[PDB]
Amino acid sequence: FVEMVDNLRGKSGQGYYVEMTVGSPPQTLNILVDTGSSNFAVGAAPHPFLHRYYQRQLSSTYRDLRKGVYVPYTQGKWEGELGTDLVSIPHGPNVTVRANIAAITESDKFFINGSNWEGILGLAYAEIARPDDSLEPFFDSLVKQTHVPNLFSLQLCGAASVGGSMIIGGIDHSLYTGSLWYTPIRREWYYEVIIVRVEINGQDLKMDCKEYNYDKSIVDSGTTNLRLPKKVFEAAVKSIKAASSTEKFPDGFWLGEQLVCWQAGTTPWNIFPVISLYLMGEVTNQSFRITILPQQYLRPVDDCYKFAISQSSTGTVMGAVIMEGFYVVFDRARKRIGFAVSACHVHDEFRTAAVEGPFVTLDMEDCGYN
């Protein structure tokens with residue numbers, strides 16, 4: 001696992017990517033680690049934003065599936081030709097597997113000009129893969145063709161360049177402190193979990209827990225911000241404004257638009273509240289909680305910061321904002337996701353992030369949306 005430590009790189013806001021090789025001979029490509037999707041797709045044509053791309057014709061092990069794939073978006077998309085080839089992760093488990101690969105030949109609003117990645121590794125379940133759930137995701141193929149345990153863990157460390165670790169097939173004790181707590185994976189499509197309570201500085205936000213998971217909550221390394229549903233968002237902001245009312249900020253700030261700056265080294269951390277998310281536990285009526293410091297939802301860009309908490313309309317998304325404070329274990333074998341304080345999170349000299357429990361929480365099922 002020490003071979004896999006620090007195997008993730010990236011640029012602030014551009015996601016985390018891991019190095020991979022495809023085809024024979026091996027072609028090196030940087031791939032985005034996305035637990036919010038399920039396709040392994042890489043650029044396979046000279047799009048101007050790409051440092052490089054997958055060249056099928058040069059791989060003796062490449063197999064054309066004579067099938068196309070089209071993945072839409074809010075207003076963009078990527079499309080390509082399906083196939084399979086030998087895939088490997090140089091700084092991962094010492095194995096090689098034949099996996100489905102979507103060679104991207106055309107796309108819009110997908111690649112980022114100036115980024116250093118050329119593809120995406122969707123680690124979620126087949127259920128949301130494209131064109132349909134028959135296209136086996138990379139991880140399923142990794143597990144079914146080798147003896148790598150069916151689980152991976154992520155330690156996203158933020159900072160400009162960012163770094164992290166994706167421990168494949170295991171858990172590395174040196175990446176976290178305290179104990180690991182597990183929440184059940186409600187359903188195997190996205191990495192869906194259930195939030196049963198939210199607190200700001202220790203004070204309940206007083207809301208029906210169902211509003212916290214409307215219309216779902218997921219753990220997504222592919223998203224940058226902690227995204228809360230409207231009702232929840234406004235409630236959270238109203239509460240954070242109050243806590244930091246000692247100072248005023250333009251409406252643009254609370255919208256991730258306009259930023260805020262303070263003399264280098266004089267950021268008033270103490271005036272920003274800590275947020276607590278209570279997740280359903282492994283035992284009936286039992287829950288646990290995770291708390292992020294403001295250094296988590298106030299990401300840098302003299303010191304300037306941008307509100308890293310935005311509203312959503314597609315449910316709660318626990319992106320880098322949340323994940324960067326914890327070591328997240330995607331225990332696929334046991335349908336659960338574990339959290340523990342990350343060994344690389346940024347902390348105050350007074351307040352400290354945490355993962356604690358147990359707590360007694362009744363009718364947690366009711367929090368789930370249907």
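One is the number of the first residue; the rest follow in order along the sequence.
- None of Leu362, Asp363, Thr361 except one satisfies the side chain to side chain contact (heavy atoms under 4.5 Å, CB included) rule with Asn285; the exception is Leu362.
- Here the OG atom belonging to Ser38 is positioned 10.5 Å from the CG atom belonging to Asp133, to the nearest 0.5 angstrom.
- In this structure, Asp303 contributes its side chain and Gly265 its backbone to a donor-acceptor pair below 3.5 Å.
- The main-chain N or O of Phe350 is never found under 3.5 Å from a side-chain atom of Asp348 such that the two would form a donor-acceptor pair.
- Distance alone, capped at 3.5 Å, is enough to place a donor-acceptor pair between the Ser60 side chain and the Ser24 backbone.
- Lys11 and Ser161 form a side-chain donor-acceptor contact under 3.5 Å, judged by distance and modelled atom types alone.
- Distance alone, capped at 3.5 Å, is enough to place a donor-acceptor pair between the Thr35 side chain and the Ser221 backbone.
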Ring pair (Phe, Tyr, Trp, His ring centres under 6.0 Å) for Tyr278 and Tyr212? Distances and angles first, verdict last.
CA-CA 10 Å; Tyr278 283 73; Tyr212 299 147; 9.7 Å; no
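- Heavy atoms only, all atoms of each residue included: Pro26 and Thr21 are closest at CB-CB, 3.8 Å.
- Looking only at distances, no side-chain donor or acceptor of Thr223 sits under 3.5 Å from a matching main-chain atom of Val317.
- Side-chain contact of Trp181 with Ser179: a donor-acceptor pair under 3.5 Å is present, judged by distance alone.
- Ring-plane geometry between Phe339 and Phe288 is classed as tilted, the angle between the planes lying from 30 to 60 degrees on a 0 to 90 degree scale.
- Scanning all heavy atoms of the two residues, the minimum distance from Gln14 to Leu32 falls at O-CD2, 3.9 Å.
- The aromatic rings of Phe233 and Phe307 sit tilted relative to each other, their planes meeting at an angle between 30° and 60°.
- Heavy-atom minimum distance, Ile185 versus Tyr125: CD1-OH, 3.6 Å.
- Counting heavy atoms from C-beta outward, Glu324 and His345 have side chains that stay 4.5 Å or more apart.
- Here the side chains of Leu154 and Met166 are in contact, with some heavy-atom distance below 4.5 Å.
- In terms of modelled atom types and a separation under 3.5 Å, the side chain of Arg9 and the main chain of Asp6 share a donor-acceptor contact.
- Formation of a donor-acceptor pair under 3.5 Å by the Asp331 side chain with backbone atoms of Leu151 is not found in this model.
- Side chains of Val162 and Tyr16 form a contact here, defined as non-hydrogen atoms less than 4.5 Å apart.
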Trace of the salt bridge (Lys or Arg N to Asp or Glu O under 4.0 Å) decision for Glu188 with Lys335:
CA-CA 8 Å; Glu188 290 172 333; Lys335 286 201 60 182; 5.1 Å; no
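- When ring centroids are compared, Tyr327 and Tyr176 come within the 6.0 Å threshold.
- Residue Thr84 forms a side-chain hydrogen bond (donor to acceptor under 3.5 Å, both in side chains) with just one option from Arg98, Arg63, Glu136, and that option is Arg98.
- Heavy atoms of other residues, nucleotides or ligands lying less than 6.0 angstrom from CZ of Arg187 number more than 12.
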With side chain to side chain donor-acceptor pair (under 3.5 Å) as the criterion, how do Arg186 and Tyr369 come out once you've worked through the C-alpha distance, each side chain's angles and the decisive distance to 0.1 Å?
CA-CA 11 Å; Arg186 190 189 182 195; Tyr369 178 75; over 6 Å; no
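- Residues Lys241 and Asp251 are not paired through a salt bridge, judged by the lack of any N-O separation under 4.0 Å between the basic side chain and the carboxylate.
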Stepwise, does the ring pair (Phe, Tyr, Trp, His ring centres under 6.0 Å) test hold for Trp269 with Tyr297?
CA-CA 11 Å; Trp269 286 134; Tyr297 57 87; 8.3 Å; no
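- Residue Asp220 comes nearest to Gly36 through the heavy atom pair OD1-N, 3.2 Å, listed as atom of the first residue, atom of the second, then distance.
- Here the side chain of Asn30 pairs a donor or acceptor atom with the backbone of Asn116 at under 3.5 angstrom.
- Here the straight-line distance linking atom OG of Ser342 with atom CD of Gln296 works out to 9.0 Å at 0.5 Å rounding.
- Side-chain contact between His91 and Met4 is absent, with no heavy atoms from C-beta onward closer than 4.5 Å.
- The cationic atom of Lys216 (NZ for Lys, CZ for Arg) lies less than 6.0 Å from the six-membered ring centre of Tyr190 and within 45° of the ring axis.
- With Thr266 contributing its side chain and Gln263 its backbone, the two residues share a donor-acceptor pair below 3.5 Å.
- Two residues are said to be in side-chain contact when any heavy atoms from C-beta on lie closer than 4.5 Å; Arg130 and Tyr70 fail this criterion.
- Between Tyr62 and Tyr54, the angle of the ring planes goes over 60°, which puts this pair in the perpendicular group of the 30/60° scheme.
- Between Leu82 and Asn100 the shortest side-chain heavy-atom distance does not fall below 4.5 Å.
- By the 6.0 Å contact criterion, CD on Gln203 is open, its count of non-hydrogen atoms from other residues, nucleotides or ligands being 12 or less.
- Between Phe249 and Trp254, the angle of the ring planes goes over 60°, which puts this pair in the perpendicular group of the 30/60° scheme.
- The aromatic rings of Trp262 and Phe272 lie perpendicular to each other, with more than 60° between the two planes, well past the 30° mark.
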Working for ring pair (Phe, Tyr, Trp, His ring centres under 6.0 Å), residues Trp117 and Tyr53
CA-CA 10 Å; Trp117 53 265; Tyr53 50 101; over 10 Å; no
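- At a threshold of 4.0 Å, the pair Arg56-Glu81 does not count as salt-bridged, since none of the basic side-chain nitrogens sits closer than that to a carboxylate oxygen.
- Shown here for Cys304 and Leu259, the closest heavy-atom pair between the two residues is CB-CD1, 3.4 Å.
- For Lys109 (side chain) and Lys77 (main-chain N/O), no donor-acceptor pair under 3.5 Å exists by modelled atom type.
- No more than 12 heavy atoms of other residues, nucleotides or ligands sit less than 6.0 Å from atom NZ of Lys206.
- Looking only at side-chain heavy atoms (C-beta outward), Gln258 and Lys306 stay at 4.5 Å or farther from each other.
- Taking 4.5 Å as the limit, some side-chain heavy atom of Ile271 sits within range of a side-chain heavy atom of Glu247.
- Residues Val196 and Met280 share a closest heavy-atom pair of CG1-N, 4.1 Å.
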